[PDB]
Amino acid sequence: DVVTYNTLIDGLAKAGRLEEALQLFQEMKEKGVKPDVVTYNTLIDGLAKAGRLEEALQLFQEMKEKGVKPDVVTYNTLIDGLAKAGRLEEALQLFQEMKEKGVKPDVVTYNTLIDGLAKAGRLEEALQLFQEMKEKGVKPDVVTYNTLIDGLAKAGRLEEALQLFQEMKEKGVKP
C-alpha cells in the first residue's frame, strides 16, 4: 500500500538511488496503488538535488493533474533548482503560482529568488521582493542581506548597501 511504497521510495531517494526509487514509483501505479503528496515530494526533491530538474518539473505537473496537492516544500525545491540553474523566469512563475494557489512563500522562498535576481542585474526586483518579504511578515537573514549588499555595492550603490548593512545589525542579523 502507499505506506510500503513511500517508505522505500523515500529511503532510496535519500540514498541518491533515484533510478530504483522511480522504478518503485512506476511499479506502485501499475498495481493501482495510488501515489500521494509525499510520494511526489520525495521524488521531486531527489531529482532536483541530482541535477535532474526537467524530470522534477514533469513529476510536479503530473502530481497536479492527479489531484495530488503541491505544498511549500514542493515549490521551494523547484524554485530553488530553477534559480540555481539560471532559470529565473520559470522560478518567478512558480512563485506567482504558489501564491495564487494560496500556498505561502517563506524566507527560504524569498532568498533564493532575491539571490537569483541579484545575479542578473535585477536588483530593483531583488529589492522589490525583499520589501515584499517584510510586508508579508516574512523575516530576512545573513544570506539575504549579503547578496543585496553585494548586489548594490557591485552596482555603484554604496549608500544603499551601507544602509542595509546598518539595518542588518539592528535586526540582530550578524554581518
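A residue's number is simply how far along the shown sequence it sits, counting from 1.
J.: When the Cα temperature factors in the entry are averaged, is it 103-111 or 52-60 that ends up higher?
T.: In the deposited entry, the stretch with the higher C-alpha B-factor mean is 103-111.
J.: So among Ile149, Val143, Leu47, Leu117, who wins on Cα B-factor in the entry?
T.: That would be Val143.
J.: Would you mind ranking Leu8 by its C-alpha B-factor against the rest of the chain and naming the third, lowest, middle or highest?
T.: Lowest third, going by the recorded CA B-factors of the chain.
J.: Would you mind ranking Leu43 by its C-alpha B-factor against the rest of the chain and naming the third, lowest, middle or highest?
T.: Lowest third.
J.: Going by the CA temperature factor in the PDB record, which third of the chain does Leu82 belong to: lowest, middle or highest?
T.: Lowest third, going by the recorded CA B-factors of the chain.
J.: Among all modelled residues of this chain, ranked by Cα B factor, put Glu124 in the bottom, middle or top third, i.e. lowest, middle or highest.
T.: Within its chain, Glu124 is a highest-third residue by C-alpha B-factor, going by the deposited values.
J.: Test of reading the entry: by CA B factor among the chain's modelled residues, which third contains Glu27?
T.: It falls in the bottom third of the chain.
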